[PDB]
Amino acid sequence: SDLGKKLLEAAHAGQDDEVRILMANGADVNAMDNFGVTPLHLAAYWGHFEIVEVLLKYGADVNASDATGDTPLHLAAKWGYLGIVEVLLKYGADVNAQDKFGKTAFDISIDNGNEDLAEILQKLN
C-alpha cells in the first residue's frame, strides 16, 4: 500500500534505482491507484524502458487494463515507444486488445502520428 504508492510514483518519475529498491523491499509490482493504473502502465506511458523490463521480469501483468480500459501496450503505442512495445509483446501483450473507444494499439499509434510503429504493428495478429 504505502510502498505500492511509492512504486507508482517512482515508475512515473523514471527513477530506476528507487524502483529496484522499492521492489526489493516488497512493493507490489501490480500495485494499483484508484484508476487501476499500475507501475507498468506509468513506465510505458512515460517511456522508461529499463523500469518496464524489471517490472515484467518480476511478474507485472503485461495485459492489465486500468479502470478506463487502457493496457500498457495502448499507452506505449501513443508515443511510438518501439523498444517498450517490443518487450511488452515478448511478455505476451495482446496486440488486439481494444481501449474504451474500440481502438487497438495500431489505431492508437496512427491517432498520434507514430506511423513508423503502426507499420510494425500492422504485420501482427
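Start at 1 with the first residue shown and count on from there.
As the entry records it, the average C-alpha temperature factor is higher for 22 to 30, out of 70 to 78 and 22 to 30.
Averaged over Cα atoms, the B-factor as recorded in the entry is higher for 6 to 14 than for the other of 6 to 14 and 110 to 118. For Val87, the recorded CA temperature factor ranks within the middle third of the chain's modelled residues. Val54 sits in the middle third of its chain by CA B factor, as recorded in the PDB entry. In the PDB entry, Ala93 places in the middle third of its chain by CA B-factor.
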